[PDB]
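Build me a structure from this.
(2 chains, ligands or ions: 2)
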Protein chains: 2
Amino acid sequence: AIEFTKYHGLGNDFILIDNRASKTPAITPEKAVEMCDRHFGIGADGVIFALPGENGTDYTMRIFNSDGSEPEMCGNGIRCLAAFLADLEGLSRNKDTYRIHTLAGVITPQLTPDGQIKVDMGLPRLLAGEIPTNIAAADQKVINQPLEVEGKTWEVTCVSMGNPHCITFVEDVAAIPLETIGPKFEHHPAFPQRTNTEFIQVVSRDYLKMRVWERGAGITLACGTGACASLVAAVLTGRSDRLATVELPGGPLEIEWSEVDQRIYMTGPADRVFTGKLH
Amino acid sequence: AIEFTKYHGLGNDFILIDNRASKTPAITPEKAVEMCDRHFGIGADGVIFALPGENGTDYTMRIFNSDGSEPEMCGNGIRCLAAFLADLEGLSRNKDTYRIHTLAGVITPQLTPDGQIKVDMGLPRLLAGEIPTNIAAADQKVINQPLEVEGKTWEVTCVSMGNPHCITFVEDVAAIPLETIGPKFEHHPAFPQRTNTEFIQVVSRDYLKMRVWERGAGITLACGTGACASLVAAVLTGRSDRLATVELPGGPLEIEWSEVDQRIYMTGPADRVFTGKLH
Ligand SMILES: *C[C@@](N)(CCC[C@H](N)C(=O)O)C(=O)O
Ligand SMILES: C[C@@](N)(CCC[C@H](N)C(=O)O)C(=O)O
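Numbering: from 1, shown residues only, chains lettered A, B, ... in the order given. Ligands and ions are numbered 1, 2, ... in the order given. Sure, the structure comes next:
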């Protein structure tokens, strides 16, 4: 009986649920796992709920990963939700921005004239205790630090965008055996709440190629928080400028670590694919 | 604007289109590829059209694989189509069987009282010219014959159920590196029209475990024609009885090589997942 709309942001695909009638998500994590199953269900990297605003926000977003876990933010999902909300509001919409409550804090997507969505993703979180990771002391940053994974030592940088990211810079990202090594990063003991893992090939100081093994979703075609975190990591390690294209398997995102306010801005598309109803 | 219903037969999942208004399929193979894309489209192993009957048949089935190619039959798809047709006919349905025209010939699914669908899949085709394959002369069978794949020689048996199958018996089907070796069977030069490839572990004379690399669809969770062909191969090679369970990753099928009429009967489920409309 559940009605939904399928979206994707650069092939990071989501089931969107109009949940404006209640602050309680209309499906359980267990049901979301069934729904995200690509053969037996709808198939998605996650379920995103459009929920009532909290205080001084227009709406709230909660997201369940395809493994049923609930992360604190999702950049591609915020873009999809912004597009969904605009569709729900129709001609009642009277602004080009939404203030969206998330577990990580208030996130503000802006619908731009060319059809993209530009998102104020907030300040990046750089201390180990904020990731969280045990690679360093809680009040220390985590920049080009060692992480032993299956007996090979990787150089990693950790950044949180509300959710954890572990970024490593590589010479040939297409050559990374992502299916094998991804889960070994995700579940590494150094990450108490698991991590997302980004492998980054620096093409130039304004162009990064990224592949990701996501916490709770595995190999995805794109990750907005991960692209943000990777850009931050590239700046922290002196490898890139603060404005860059991040090329993902599904396409490009434009990432800016603003010098005006030190917040991360992420611009990309959001596509409506189909509307549906569960049997 | 295209309306569809998502089904799966043991996790071999399909987009079903009500195409009764015209003998022309509502979409092109190119569009089918886009619709079957799991991240950018609906996601499926294929698109199945419920088409008008052809002289002495109730309906016609055409199927596009997720790579856009058009195979001659599909067992999981026929079961899904029979369920779909029963729903479309509703209370106007006046029988428990449909005669369905396919490229392979007339196929007759039967709606059984317990909710399963039992299909008359026709006579198996055993000659090399009928597969087609060049492993043997056109008028010879292909039973426990050699096939070199990447310098390793495999023992194979070929059977056609209207579409080509290449079956090899293994000790541990779970250990087969299917992502790697599957495509090398599929596109082997011995198979002018490519082939479906089944790896079979015989548990007992009435119980086969199957994994499949499908022509035009890759790793799937189930394949009805493939299970049929594998049972035939197991009988031809003396490894199984003519009545067996074939356990697929998505669940079991009951296969019978009837001694009454020498036709193959396949019984299994069909599940309606959701209805949808493209944006
Ligand atoms: C990659 C992304 N969808 C974030 C999804 C949540 C992530 N799997 C986690 O568990 O933290 C996004 O930001 O676009
Ligand atoms: C798996 C299949 N859907 C067959 C699909 C067609 C197959 N991929 C081919 O190209 O012959 C079935 O019989 O259940």
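
Name the residue of chain A that lies nearest to ligand 1.
Nearest to ligand 1, among the residues of chain A, is residue A:223, at 2.8 Å (C-beta to the nearest ligand atom). Backbone N, C-alpha and C define where each C-beta goes, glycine included.

Excluding sequence neighbours, find me the nearest residue to that residue.
Among residues not flanking residue A:223 along the chain, residue A:212 sits closest, at 4.7 Å (C-beta to C-beta, 6 or more residues apart in numbering or on different chains).

who touches the residue of the stretch 151-279 of chain A found nearest ligand 2 in this structure?
Per C-beta to the nearest ligand atom, residue A:279 is where the stretch 151-279 of chain A lies closest to ligand 2, at 20.4 Å. Going by C-beta atoms under 8 Å, 6 or more residues apart in numbering or on different chains, residue A:279 touches B:272-275.

So which bits of chain A are right by chain B?
A:6, A:8, A:11-13, A:38-43, A:221, A:250, A:271-279 (C-beta under 8 Å from any C-beta of the partner chain).

Around ligand 1, which positions in chain A sit nearby?
Within chain A, the positions adjacent to ligand 1 are A:12, A:65, A:71, A:74-77, A:163, A:196, A:214-217, A:223-226 by C-beta under 6 Å from any ligand atom.

Which members of those are positioned in strands?
Within these, membership in strands is found for A:12, A:65, A:196, A:214, as judged by DSSP state E.

burial measure for the first one, as a count.
What it means is residue A:12. Other residues within reach of residue A:12, judged by other C-beta atoms under 10 Å in any protein chain shown, total 30.

What count of nearby residues applies to residue A:192?
For residue A:192, the count of nearby residues is 11 (other C-beta under 10 Å).

Helices of the stretch 151-279 of chain A, residue ranges please.
Remark: helices assigned in the stretch 151-279 of chain A by DSSP state H, counting those that start in this stretch are A:178-186, A:224-236.

In contact with the residue nearest to residue A:223, which residues?
By C-beta under 8 Å, 6+ apart, residue A:212 lies in contact with A:196-199, A:219-220, A:222-223, A:226, A:248.

Relative to chain B, which of those residues is nearest.
residue A:220 (8.2 Å; C-beta to the nearest C-beta).

does that closest one really touch residue A:9, like I thought?
No - using C-beta atoms under 8 Å, residue A:220 is not in contact with residue A:9, being 10.2 Å away.

Pick out whichever of these two has more residues nearby.
More neighbours surround residue A:9 than the other of residue A:220 and residue A:9, with 31 against 24 (other C-beta under 10 Å).

hey, what's that one bridged with?
residue A:12 (DSSP bridges).

again, but for residue A:155
Taking DSSP bridges as the rule, residue A:155 bridges to residue A:146.

do the same with the one 10 residues further on
Here residue A:165 sits in beta bridges with residue A:159, residue A:196, as judged by DSSP bridges.

quick one, what contacts it?
By C-beta under 8 Å, 6+ apart, the contact set of residue A:165 is A:131, A:158-159, A:195-198, A:225-226, A:229-230, A:233.

For chain B, see how far away the nearest residue to residue A:207 once chain neighbours are set aside is.
Residue nearest to residue A:207 in three dimensions, not counting chain neighbours: residue A:245, with 5.1 Å by C-beta to C-beta, 6+ apart. To chain B, residue A:245 is 20 Å away according to C-beta to the nearest C-beta, to the nearest Å.

Verify the contact between residue A:245 and residue A:206 for me.
Yes - here residue A:245 reaches residue A:206: they are 6.6 Å apart, a contact under C-beta under 8 Å.

Give me the more crowded residue out of these two.
Comparing residue A:245 with residue A:206 by other C-beta under 10 Å, the one with more neighbours is residue A:245, at 17 against 13.

By proximity to ligand 2, which residue of the stretch 1-150 of chain A wins?
Relative to ligand 2, the nearest point of the stretch 1-150 of chain A is residue A:39 (12.1 Å; C-beta to the nearest ligand atom).

hang on, that residue is in a helix, isn't it?
No - looking at residue A:39 with DSSP: H, G, I helix; E, B strand; the rest coil, it is coil, so not inside a helix.

which residues touch it?
Neighbours of residue A:39 in contact, by C-beta under 8 Å, 6+ apart: B:8, B:11-13, B:221, B:250.

What about the closest residue to it other than its chain neighbours, how many residues nearby?
Leaving aside its chain neighbours, residue A:39 sits nearest to residue B:11 (4.1 Å; criterion: C-beta to C-beta, 6+ apart). The tally of other residues near residue B:11 (other C-beta under 10 Å) stands at 19.

residues touching residue B:11, list them.
Residue B:11 neighbours (C-beta under 8 Å, 6+ apart): A:39-40, B:220-222, B:248-251.

export the longest helix seen in chain A as CSV, just CAs?
If you go by DSSP state H, chain A has its longest helix at helix A:75-89. Extracted in CSV, the C-alpha atoms of helix A:75-89 (Å, rounded to 0.1, in the frame of the first residue of the first chain):
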residue,chain,number,x,y,z
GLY,A,75,24.1,14.7,0.3
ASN,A,76,22.7,13.0,-2.8
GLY,A,77,19.6,12.2,-0.8
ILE,A,78,19.2,15.9,0.3
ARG,A,79,19.2,16.9,-3.4
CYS,A,80,16.6,14.2,-4.2
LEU,A,81,14.5,15.3,-1.2
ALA,A,82,14.7,18.9,-2.3
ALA,A,83,13.4,18.0,-5.7
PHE,A,84,10.7,15.8,-4.2
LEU,A,85,9.6,18.5,-1.8
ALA,A,86,9.4,20.9,-4.7
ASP,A,87,7.2,18.4,-6.6
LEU,A,88,5.0,17.9,-3.5
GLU,A,89,4.6,21.6,-3.0
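
Moving C-terminal from it, which element do we reach first?
Toward the C-terminus, helix A:75-89 is succeeded by strand A:100-102 as the next helix or strand (DSSP states H and E).

so is the closest residue to residue A:138 other than its chain neighbours in a helix, a strand, or just coil?
Counting by C-beta to C-beta, 6+ apart, residue A:129 is the residue found nearest to residue A:138 once chain neighbours are left out, at 3.2 Å. Three-state assignment for residue A:129 (three-state DSSP): helix.

so residue A:129 makes contact with residue A:139?
Yes - if you go by C-beta under 8 Å, residue A:129 and residue A:139 touch, sitting 6.7 Å apart.

Mind checking which of those two has more residues around it?
residue A:129 (14 against 9).

residues contacting the residue in the stretch 101-250 of chain A positioned nearest to chain B?
Nearest residue of the stretch 101-250 of chain A to chain B: residue A:221, at 5.5 Å (C-beta to the nearest C-beta). By C-beta under 8 Å, 6+ apart, residue A:221 lies in contact with A:10-12, A:248-250, B:39.

can you give me the offset of the helix or strand that contains residue A:119 from its chain's centre?
Taking DSSP H and E as the criterion, residue A:119 maps to strand A:117-120. On the basis of C-alpha atoms, centre = their mean, to the nearest Å, strand A:117-120 sits 13 Å off its chain's mean C-alpha point.
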